[PDB]
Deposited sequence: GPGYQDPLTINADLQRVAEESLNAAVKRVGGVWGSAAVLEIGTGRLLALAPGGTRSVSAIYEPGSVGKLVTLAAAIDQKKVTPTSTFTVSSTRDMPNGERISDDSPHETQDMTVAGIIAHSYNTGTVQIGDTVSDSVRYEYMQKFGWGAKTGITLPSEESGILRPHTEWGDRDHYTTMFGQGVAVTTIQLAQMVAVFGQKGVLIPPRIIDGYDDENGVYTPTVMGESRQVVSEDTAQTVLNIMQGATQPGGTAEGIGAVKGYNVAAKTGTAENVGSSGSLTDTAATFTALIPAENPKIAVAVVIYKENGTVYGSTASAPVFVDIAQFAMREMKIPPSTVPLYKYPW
């Protein structure tokens, strides 16, 4: 009978987790999308209606995965390249970049920089490639374009052409500021790293109706980064739940290796200035062999919510249930760790 991809139990878990989290942190709304790795199949989409495809926001640090993937794919850095991180860094073009949390100046590998989500390390990674090349990766990752899912009212998001970027834009676009995305776009993006560098268009329709039940096909996929890059990003993402990672404890799924990135993104409020926050979380599980990709956002007006405390618990509840329901055996290999 059923022509849609939505898993009804998973959908209930999603909605329940999402509602509870929005209320828990005093948010105004939230969204979550779960994609099946390798197929484009949408297993859950919360809330009901079109929010997950029509609400745009600056995603913050989850956007660092695009910057990182570009620099790795262009063979400009490795996971063990070292950069100095610090509270602030004055850049060649005169911009000051801050980490938004004071901390000791120290040297750290690319892997540690991403696990810790340090902006001062991230902008130096981004500076190893040209803006036109970065911008091209952004497009390939699906930003600035509708995903094509058969739901109404989908937004393309906002990706200004790189030729238009000023000194500040050059940097803010490396960590998900000055760009706007949908939740569905964030899920499509992260799945790439569990799909050998391939992006697969998301679908909600499994197949319609002689009047025969003919299933829908996978849709035109595209190589975004190489298989090696995808695997390296997937390894780096496993740093999130390790000691020192931004998702330590709170993003852990008992028995399963998690690959994730958090975000705490400033957003323009009702009265013009940067008063709002989107807490973002993008993850793949099990990390050694991803079966689902998840993106969660919780949006708050006139306050700060953190990717980790607002949105990670939504992913955890979703992910615990999905693994059991999909009969995925617990991880038998260690969580990946690069030296930091």
Counting from 1 along the deposited sequence, which stretches lack C-alpha positions? 1 to 4, 214 to 215
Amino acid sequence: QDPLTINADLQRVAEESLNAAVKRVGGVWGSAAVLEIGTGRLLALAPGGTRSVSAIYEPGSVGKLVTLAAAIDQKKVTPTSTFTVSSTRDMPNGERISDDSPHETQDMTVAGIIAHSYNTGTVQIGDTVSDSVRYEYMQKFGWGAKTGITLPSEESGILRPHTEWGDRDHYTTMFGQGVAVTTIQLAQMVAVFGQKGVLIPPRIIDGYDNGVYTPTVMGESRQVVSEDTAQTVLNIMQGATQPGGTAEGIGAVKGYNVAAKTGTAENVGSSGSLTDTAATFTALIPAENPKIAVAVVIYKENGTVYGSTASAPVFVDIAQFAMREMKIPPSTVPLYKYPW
From here on, numbers count along this sequence of modelled residues.
Taking the other compared PDB entries with both flanking residues modelled, is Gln74 unmodelled in at least a third? no
Third-or-more of other entries without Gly30: no
Going by the average Cα B-factor in the PDB entry, point out whether 68 to 76 or 163 to 171 comes out higher. 163 to 171
Looking only at C-alpha temperature factors in the entry, 59 to 67 or 31 to 39, the higher average sits in 31 to 39
Of the choices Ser221, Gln124, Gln238, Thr88, which one's C-alpha carries the largest B-factor in the record? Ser221
When the entry's CA B-factors for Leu45, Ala279, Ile285, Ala295 are compared, the highest one belongs to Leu45
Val25 - Cα temperature factor, lowest/middle/highest third of chain: middle
Select lowest, middle or highest to describe the third in which the CA B-factor of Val268 falls within its chain in this entry. highest
Using the temperature factors of the C-alpha atoms in this entry, rank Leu274 within its chain: lowest, middle or highest third. highest
Of the three thirds of the chain ranked by Cα temperature factor, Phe83 occupies the lowest
Cα B factor band for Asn119 (lowest, middle or highest third within the chain): lowest
